[PDB]
There are 4 protein chains.
Amino acid sequence: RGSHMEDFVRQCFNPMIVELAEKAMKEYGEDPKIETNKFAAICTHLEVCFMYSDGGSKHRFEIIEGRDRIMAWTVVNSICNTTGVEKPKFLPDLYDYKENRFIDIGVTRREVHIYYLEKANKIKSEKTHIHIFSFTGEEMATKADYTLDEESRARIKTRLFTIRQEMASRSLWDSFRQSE
Amino acid sequence: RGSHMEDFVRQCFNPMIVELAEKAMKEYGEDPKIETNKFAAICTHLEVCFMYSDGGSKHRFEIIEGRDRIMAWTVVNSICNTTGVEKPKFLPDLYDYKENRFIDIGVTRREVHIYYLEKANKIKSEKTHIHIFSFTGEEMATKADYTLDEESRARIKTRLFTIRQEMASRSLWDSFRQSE
Amino acid sequence: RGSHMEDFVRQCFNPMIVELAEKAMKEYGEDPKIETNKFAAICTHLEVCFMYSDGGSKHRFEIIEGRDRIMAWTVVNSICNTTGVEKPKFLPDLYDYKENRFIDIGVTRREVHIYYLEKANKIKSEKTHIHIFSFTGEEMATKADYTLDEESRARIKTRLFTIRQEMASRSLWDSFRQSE
Amino acid sequence: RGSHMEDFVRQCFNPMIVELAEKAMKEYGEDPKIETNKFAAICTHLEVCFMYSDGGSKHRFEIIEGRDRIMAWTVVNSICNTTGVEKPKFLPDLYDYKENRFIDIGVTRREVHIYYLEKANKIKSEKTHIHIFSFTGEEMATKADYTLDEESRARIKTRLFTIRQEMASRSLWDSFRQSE
Ligand SMILES: O=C1c2c(O)c(=O)ccn2N([C@@H]2c3ccccc3SCc3c2ccc(F)c3F)[C@@H]2COCCN12
Ligand SMILES: O=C1c2c(O)c(=O)ccn2N([C@@H]2c3ccccc3SCc3c2ccc(F)c3F)[C@@H]2COCCN12
Ligand SMILES: O=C1c2c(O)c(=O)ccn2N([C@@H]2c3ccccc3SCc3c2ccc(F)c3F)[C@@H]2COCCN12
Ligand SMILES: O=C1c2c(O)c(=O)ccn2N([C@@H]2c3ccccc3SCc3c2ccc(F)c3F)[C@@H]2COCCN12
Ligand SMILES: [Mn+2]
Ligand SMILES: [Mn+2]
Ligand SMILES: [Mn+2]
Ligand SMILES: [Mn+2]
Ligand SMILES: [Mn+2]
Ligand SMILES: [Mn+2]
Ligand SMILES: [Mn+2]
Ligand SMILES: [Mn+2]
């Protein structure tokens with residue numbers, strides 16, 4: 001079962017990010033060779049999260065993404081027990097030591113408005129800061145507080161649009177978009 | 001056809017920069033072993049662009065130079081579609097997320113004034129910021145806005161003059177200058 | 001004599017930190033394969049000190065920890081003879097060129113209050129700044145002056161709690177805590 | 001002719017710095033295996049210069065030291081022709097793009113006062129900034145302008161005193177000091 005999307009993912013993303021995404025899907029029992037749109041989404045979300053955590057000042061963010069589930073919750077636990085924040089119901093993506101809150105990042109193929117609505121009504125962890133990015137350059141953040149300065153977010157949006165174009169160039173964009 | 005200028009270029013410039021320049025000429029069908037003055041100019045322009053993008057704050061610049069033409073235009077496209085800037089008629093060298101504009105860098109063996117005139121009247125992309133450097137330490141930037149702080153530009157000018165001297169020391173300077 | 005704690009230490013800590021801790025115990029004649037709780041404490045203290053010295057601005061701290069005793073005292077001597085600070089009675093962990101004082105860092109399994117009391121009454125080098133961290137997220141610093149900004153200290157506390165959890169997960173936490 | 005001082009130098013200094021010092025002595029025809037005190041002085045001066053240039057902000061300094069004589073003068077030439085500073089009579093150690101002046105660094109085994117006098121009366125390049133360091137923690141800079149912030153200079157003085165101690169520990173200090 002060799003998908004053009006699998007080969008595309010492997011050439012489009014850093015090998016470390018492909019490895020971490022494969023390990024994520026295996027931690028949830030999914031298979032990157034079958035759920036290839038999901039493979040691509042997970043790689044994209046990972047790259048966005050790493051770029052995001054690179055946006056801050058040094059030591060600003062604790063990266064929860066890209067860890068195995070047990071260790072991700074371990075670090076969440078330590079953050080909660082040393083800071084006093086409430087433990088989220090669902091796994092966040094980052095923790096912000098500057099603003100002292102968890103960040104749940106999202107990347108959507110649709111209007112950021114409706115994806116943000118879904119996530120907010122899902123988690124309802126309140127304290128957890130939400131930050132949606134779209135493949136068209138839109139973003140949406142809790143309380144209109146976008147955490148990072150403009151240029152760091154602009155980089156992320158540029159990269160998302162480049163991924164979109166690469167997929168389109170290979171005719172994978174349609175199925176990806178109509179898979180979410 | 002072994003030129004002293006080819007060997008000089010290979011010893012004067014970083015091997016990565018020589019490789020990227022060779023790939024640029026091949027993308028336009030030119031041959032570094034024949035167009036050796038052009039080889040040297042492309043290597044120089046590349047080093048200047050990389051030093052330039054190093055001048056900013058972290059994440060400040062998107063580097064368009066040193067990519068294949070298709071991918072360079074891809075990244076231009078993403079920048080335009082996420083920021084709303086007008087798409088330049090000709091390929092720029094960088095994008096500035098701080099000031100939100102494309103930078104077309106030039107390096108000339110003549111008066112910066114006349115090279116800047118040529119480029120401005122050529123592209124006339126208006127929004128695109130022009131920044132000329134010369135092999136004698138002069139520079140010229142759109143609206144007298146030089147983007148970078150003094151020291152970062154001084155480094156570039158020093159390196160340009162050192163290249164000029166190295167060429168002169170080997171007696172390549174005259175043909176280079178009278179080739180532009 | 002193969003301890004679960006020895007294997008745990010070797011998988012929990014960076015190999016460089018394990019090596020430096022082994023060399024420390026050998027410099028004092030102790031054996032990491034027997035004093036395994038002490039092995040773990042020394043590794044932890046080392047990681048905390050390195051994170052601490054990473055918190056500052058560049059060039060801010062001189063690291064005294066992780067050197068052999070002779071060289072540690074050599075660097076203390078040079079600091080004292082170039083700055084004019086009084087030579088501590090006991091080896092400190094860092095020197096702060098910004099605030100111009102030695103830092104003795106401590107990590108305790110008990111109330112930071114009582115460990116700080118013990119160290120202060122022990123060294124009584126006055127000028128030497130004390131900074132206690134606990135495995136529960138508490139800290140205590142001379143004159144309520146915590147040297148580093150909040151986020152750098154938060155990172156350290158998170159890591160301490162993660163170590164605590166890893167030990168607990170393996171059922172080593174109890175003996176560790178009841179060993180201090 | 002195997003000197004304890006040669007072996008000491010090779011173990012005390014980074015291998016890159018030993019290599020650059022050997023190349024310096026060869027550029028002036030001297031031999032590190034005979035002029036071993038001079039070998040040590042050149043290595044020390046090199047380490048001080050590199051620490052110095054590390055003190056600044058990024059791009060602040062152009063390093064003239066550690067180049068072959070021809071290329072050192074080449075870079076001096078480029079600095080002079082792009083900035084307009086007067087060309088020093090003797091080779092400086094650094095150039096400061098922030099303050100726009102050449103720095104001649106000195107390291108002395110005697111009172112900084114008398115070494116500074118000697119150098120100032122020697123070069124008399126006026127514009128060239130002088131900065132003396134001593135093996136006892138004293139420094140002396142033109143116009144009481146010490147260029148770098150306190151901590152960066154403190155590091156240098158600490159390292160100088162550590163070198164002094166290492167030499168003393170091996171009984172080389174006396175001959176070194178009575179060689180200058
Ligand atoms: O962290 C996430 C996660 C997000 O953070 C997210 O933003 C969107 C979606 N997520 N989910 C990610 C994920 C992440 C990125 C893109 C798509 C998916 S789709 C489901 C899935 C995920 C991981 C492995 C796997 F096999 C999956 F089927 C799961 C939800 O359980 C916690 C971890 N996690
Ligand atoms: O980006 C440039 C470019 C510049 O950015 C530039 O400043 C001057 C000149 N350029 N041109 C560069 C180039 C770049 C630097 C120095 C000389 C040349 S000379 C023509 C040429 C170039 C690349 C390959 C090649 F084979 C060429 F003949 C082309 C114009 O088409 C877009 C890419 N490009
Ligand atoms: O630097 C320290 C040191 C501290 O800095 C410290 O905070 C607590 C305790 N220390 N001691 C450390 C140490 C460091 C960290 C955790 C536990 C121990 S327990 C005794 C011991 C140490 C080193 C080797 C060894 F074999 C030991 F038995 C010794 C006191 O002699 C100066 C060096 N040193
Ligand atoms: O740059 C220096 C230099 C200094 O910058 C300096 O501060 C003191 C002394 N210098 N001199 C250095 C030197 C540098 C550091 C310590 C001792 C010496 S002692 C003579 C000597 C030097 C280099 C090679 C050699 F074989 C020598 F005999 C020569 C003076 O000619 C320009 C280069 N240079
Ligand atoms: Mn996640
Ligand atoms: Mn997410
Ligand atoms: Mn270009
Ligand atoms: Mn250009
Ligand atoms: Mn210690
Ligand atoms: Mn300590
Ligand atoms: Mn010199
Ligand atoms: Mn000097």
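Chain A is the first sequence line, chain B the second, and so forth, proteins listed ahead of strands; every chain is numbered from 1. Every number for a ligand or one of its atoms is a count from 1 in the order of the listing.
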Next item on the list: Would you verify whether the NZ or CZ of D:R153 falls within 45 degrees of the ring axis of D:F133 while also being under 6.0 Å from that six-membered ring's centre?
Entry: no
Item checked: Within 45° cone and under 6.0 Å: D:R159 NZ/CZ vs D:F135 ring -> no
Nearest neighbour of [atom] from the list [options], on a heavy-atom basis:
atom                    : options               : result
atom 27 (C) of ligand 1 : A:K23, A:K26, A:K38   : A:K38
atom 13 (C) of ligand 1 : A:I132, A:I42, A:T108 : A:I42
atom 32 (C) of ligand 1 : A:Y115, A:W73, A:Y28  : A:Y28

[X] with [Y]: basic N within carboxylate O range, under 4.0 Å:
X      : Y      : answer
D:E118 : D:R110 : yes
A:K33  : A:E6   : yes
D:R101 : D:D145 : yes
D:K23  : D:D68  : no
A:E180 : A:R109 : yes
D:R67  : D:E62  : yes

Under 2.8 Å from the Mn ion (ligand 12), is there any N, O or S atom belonging to [X]?
X      : result
D:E65  : no
D:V107 : no
D:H45  : yes

Of all the non-hydrogen atoms in the protein, which one sits nearest to [atom], and at what distance?
atom                   : result
atom 2 (C) of ligand 1 : A:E65 OE2, 3.8 Å
atom 6 (C) of ligand 1 : A:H45 NE2, 3.6 Å
atom 5 (O) of ligand 1 : A:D93 OD1, 3.0 Å

Check: Is the closest heavy atom of A:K119 to ligand 1 under 4.0 Å?
Finding: yes
Next item on the list: May I ask you to list the atoms of ligand 1 that are less than 4.0 angstrom from any heavy atom of A:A41?
Entry: 16 (C)
Item checked: Proximal ligand 1 atoms for A:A24, defined as those under 4.0 Å from one of its heavy atoms -> 24 (C)
Next item on the list: Find the distance between CZ (A:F161) and OG (A:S134) and round it off to the nearest 0.5 Å.
Entry: 9.5 Å
Note to self: Are A:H131 and A:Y52, when compared by the centres of their aromatic rings, separated by less than 6.0 Å?
What the structure shows: yes
Notebook entry, point to check: Does any N/O atom on A:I105 come nearer than 3.5 Å to any N/O atom on ligand 1?
Noted result: yes
Next item on the list: Check whether any side-chain heavy atom of D:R164 sits under 4.5 Å from a side-chain heavy atom of D:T136, and report yes or no.
Entry: yes
Please check if a non-hydrogen protein atom sits closer than 4.0 Å to [atom].
atom                    : answer
atom 9 (C) of ligand 1  : no
atom 18 (C) of ligand 1 : yes
atom 29 (C) of ligand 1 : no

Margin query: As a test of reading the structure, name the N/O/S atom of D:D93 that is nearest the Mn ion (ligand 12).
Written below: OD2
